[PDB]
Asks: 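Right, I'll just put the structure down here and ask away after.
In listed order, ligands and their atoms are each counted from 1. Protein chains get the first letters and strands the later ones, always in sequence-line order, with residue 1 at the start of each. These numbers come from the heavy atoms of this one structure, side chains and all, not from hydrogens, waters or symmetry mates.
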Amino acid sequence: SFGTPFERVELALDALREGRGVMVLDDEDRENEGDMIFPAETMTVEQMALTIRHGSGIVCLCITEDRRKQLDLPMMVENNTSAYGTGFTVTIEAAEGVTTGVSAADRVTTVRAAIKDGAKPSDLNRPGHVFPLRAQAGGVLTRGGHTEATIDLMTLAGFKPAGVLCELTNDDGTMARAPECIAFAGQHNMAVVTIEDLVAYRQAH
Amino acid sequence: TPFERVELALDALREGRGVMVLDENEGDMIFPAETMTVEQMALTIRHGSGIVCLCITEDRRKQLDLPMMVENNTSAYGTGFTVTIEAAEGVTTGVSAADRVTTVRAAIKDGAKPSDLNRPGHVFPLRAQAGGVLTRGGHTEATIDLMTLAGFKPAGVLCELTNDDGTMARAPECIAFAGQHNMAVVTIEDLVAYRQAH
Ligand SMILES: O=C(CO)[C@@H](O)[C@H](O)COP(=O)(O)O
């Protein structure tokens, strides 16, 4: 890489603000993945389209524990037995403005439905094809995962604490590793930052 | 004929090729869960929604303790989503073509027990309605009936085909995809008819 943890985080924040996305890489001894993330408020149909096309296709919406209650999306399992304690809630669908809810456009509508000011639970049907992740309070200083990094990022950048995220994926079905992600981030002018970088930053500030 | 199609469908599945299933207006690559290959998975992910499901019986849903995700299912289409899964091992993050395959095999394995799968995960079990396509005409049941009429366990991996531009592949496009990857094509009508006759 290049530069300090700190300028990478600031470029990250500019990117988001600028409508560009971010590639968030994490601990090579963890997920070892990089996530294409964008703010729920700005992510374009075109962008969502590229995330379905090059990501896992399992495109998630990072939300706060406080918005989770507002929409009343129960956590998915009470005995979350998952390796990463990943914070899946019940899945969602825009209650209208969509169809099968799986096209790019439909998922963006659903994200906007979820993030709207004054968004009420009736605004969402269940189940659906957008996957909310409840970010652990204290973000990356508490839990050091993509979910948290996202919210920490929206928050610093000045947005609502809500972000779309998805794993980069080699055409062969294997996960993209660091080198791949960074070239891809390169080609799409999304700022590369790592969870190490954001934990360094928050602490510092 | 609508009946030929259904037969060539089983013939594909039997041979270990995919079936394109149309009707919703969508088009779903489906493969049996007992034969689907990684490459086969990787392609599903490459051109599918990435939301790759595994259609199962209720009896199997109970065998794994996979609760229906929401009790009040307000989904526009009454979609049979269960609480999602991940192989309790053989996988890592559970999101690669190879990891998702492994998770499917863990669930459909004879004698699979609940502890064989962690929750949440990146594979989405769909529970089809008792009665098959004669009760509910969704891709969920259309896939069990298919797997069943073909000789397999009532367990099938389905996913909706999507153009690179985010727009869902429409039937012509589906039919084109079929051609490229040598899959058979049958509709839910053809398949409702078939069971009917017989
Ligand atoms: O939910 C998903 C992907 O859809 C995750 O598995 C991500 O890869 C990152 O989530 P964290 O474990 O980092 O919170």
Side-chain angles (χ1 to χ4, degrees), chain A residues 21-38 40 43 48 51-65 68 73 75-77 80-92 102 107 110-111 128-154 161-170 173-178 180-181 184 193-199, chain B residues 45 48-53 83-87 91-97 99-100 103 118-124:
Chain A
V22 173
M23 257 290 174
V24 178
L25 308 178
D26 76 324
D27 291 338
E28 193 198 25
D29 334 88
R30 190 183 168 262
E31 226 134 73
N32 203 202
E33 279 161 16
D35 271 31
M36 307 166 295
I37 83 175
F38 307 84
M43 179 188 202
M48 169 70 63
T51 303
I52 292 178
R53 161 66 191 99
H54 288 276
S56 92
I58 306 168
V59 187
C60 308
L61 176 63
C62 301
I63 71 168
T64 59
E65 158 61 57
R68 186 198 69 73
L73 288 168
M75 285 307 259
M76 191 185 282
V77 302
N80 190 312
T81 47
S82 77
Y84 292 101
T86 295
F88 276 103
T89 78
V90 164
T91 75
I92 64 175
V102 79
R107 309 195 193 184
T110 299
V111 157
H129 301 75
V130 169
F131 312 93
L133 303 179
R134 203 270 278 110
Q136 206 111 46
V140 293
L141 289 175
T142 297
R143 184 169 177 277
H146 294 98
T147 301
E148 285 73 25
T150 309
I151 304 306
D152 287 349
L153 260 137
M154 301 309 136
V164 168
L165 111 183
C166 194
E167 311 95 304
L168 193 68
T169 299
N170 289 326
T174 76
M175 300 318 299
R177 288 93 208 175
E180 287 85 64
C181 291
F184 181 95
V193 55
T194 69
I195 303 184
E196 217 187 19
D197 290 341
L198 203 55
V199 168
Chain B
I45 298 174
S49 84
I51 297 166
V52 185
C53 309
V83 124
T84 67
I85 71 171
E86 218 74 296
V91 317
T92 72
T93 65
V95 85
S96 53
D99 269 1
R100 306 207 205 178
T103 307
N118 295 169
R119 320 90 190 269
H122 295 61
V123 171
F124 326 77

Asks: Which of the numbered atoms in ligand 1 are below 4.0 angstrom from a heavy atom of A:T86?
Replies: 1 (O), 12 (O)

Asks: Going by heavy-atom distance to atom 14 (O) of ligand 1, choose the closest among A:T150, A:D35, A:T147, A:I37.
Replies: A:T147

Asks: Is it true that A:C60 lies under 4.0 Å from ligand 1, counting heavy atoms only?
Replies: yes

Asks: What are the atoms of ligand 1, with element, lying closer than 4.0 Å to any heavy atom of A:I58?
Replies: 4 (O)

Asks: Under the side chain to side chain contact (heavy atoms under 4.5 Å, CB included) criterion, do B:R119 and A:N80 qualify, and how do the steps go?
Replies: CA-CA 6 Å; B:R119 320 90 190 269; A:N80 190 312; over 6 Å; no

Asks: Under 4.0 Å from a heavy atom of A:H146: give me the atoms of ligand 1 that qualify, with their elements.
Replies: 9 (C), 10 (O), 11 (P), 13 (O), 14 (O)

Asks: Counting both backbone and side chain atoms, is some N or O of A:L133 under 3.5 Å from an N or O of ligand 1?
Replies: no

Asks: Under 4.0 angstrom from ligand 1, any heavy atom of B:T93?
Replies: no

Asks: Which atoms form the tightest heavy-atom contact between A:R143 and A:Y84, and what is the distance?
Replies: NH2-O, 2.6 Å

Asks: Are side-chain heavy atoms of A:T91 and B:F124 found at a separation under 4.5 Å?
Replies: no

Asks: Give the table of side-chain donor-acceptor pairs shorter than 3.5 Å for residues 55-62 of chain A, with sequence neighbours excluded, one pair per line with atom names and distance.
Replies:
from: A:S56; atom 1: OG; to: A:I58; atom 2: N; distance (Å): 2.7
from: A:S56; atom 1: OG; to: A:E167; atom 2: OE1; distance (Å): 3.2

Asks: Within a distance under 4.0 Å of any heavy atom of A:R30, pick out the atoms of ligand 1 and give their elements.
Replies: 11 (P), 12 (O), 13 (O)

Asks: Under a 4.0 angstrom heavy-atom cut-off, which atoms of ligand 1 come close to A:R143?
Replies: 11 (P), 12 (O), 14 (O)

Asks: Return the residue, atom name and 0.1 Å-rounded distance of the protein heavy atom closest to atom 6 (O) of ligand 1.
Replies: B:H122 NE2, 3.4 Å

Asks: By number and element, which atoms of ligand 1 are closer than 4.0 Å to a non-hydrogen atom of A:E167?
Replies: 2 (C), 3 (C), 4 (O), 8 (O)

Asks: Applying a strict 4.0 Å limit to heavy atoms, is A:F88 in contact with ligand 1?
Replies: yes

Asks: May I ask you to test the A:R68-A:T89 pair for a side-chain heavy-atom distance under 4.5 Å?
Replies: yes

Asks: If the cut-off is 4.0 Å to any non-hydrogen atom of A:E33, which atoms of ligand 1 fall inside it?
Replies: 8 (O)

Asks: I would like to know whether A:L141 and A:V199 meet side chain to side chain contact (heavy atoms under 4.5 Å, CB included); could you show each step before the answer?
Replies: CA-CA 6 Å; A:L141 289 175; A:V199 168; 3.9 Å; yes

Asks: Considering only heavy atoms from C-beta outward, does the side chain of A:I195 approach that of A:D27 to under 4.5 Å?
Replies: no

Asks: Counting each atom of ligand 1 from 1 as listed, which ones have a heavy atom of A:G145 under 4.0 Å away?
Replies: 13 (O)

Asks: Who's the nearest protein heavy-atom neighbour of atom 7 (C) of ligand 1, and how far?
Replies: A:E31 OE1, 3.6 Å

Asks: Apply the test side chain to side chain contact (heavy atoms under 4.5 Å, CB included) to residues A:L165 and A:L133: give CA-CA distance (whole Å), side-chain angles for both, the deciding distance (0.1 Å), then the verdict.
Replies: CA-CA 10 Å; A:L165 111 183; A:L133 303 179; 3.8 Å; yes

Asks: With distance as the sole criterion, is a donor-acceptor pair present between the side chains of A:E31 and A:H146 under 3.5 Å?
Replies: yes

Asks: Test of understanding: with side chain to side chain donor-acceptor pair (under 3.5 Å), list the residues that count as partners of A:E196, not counting sequence neighbours.
Replies: none

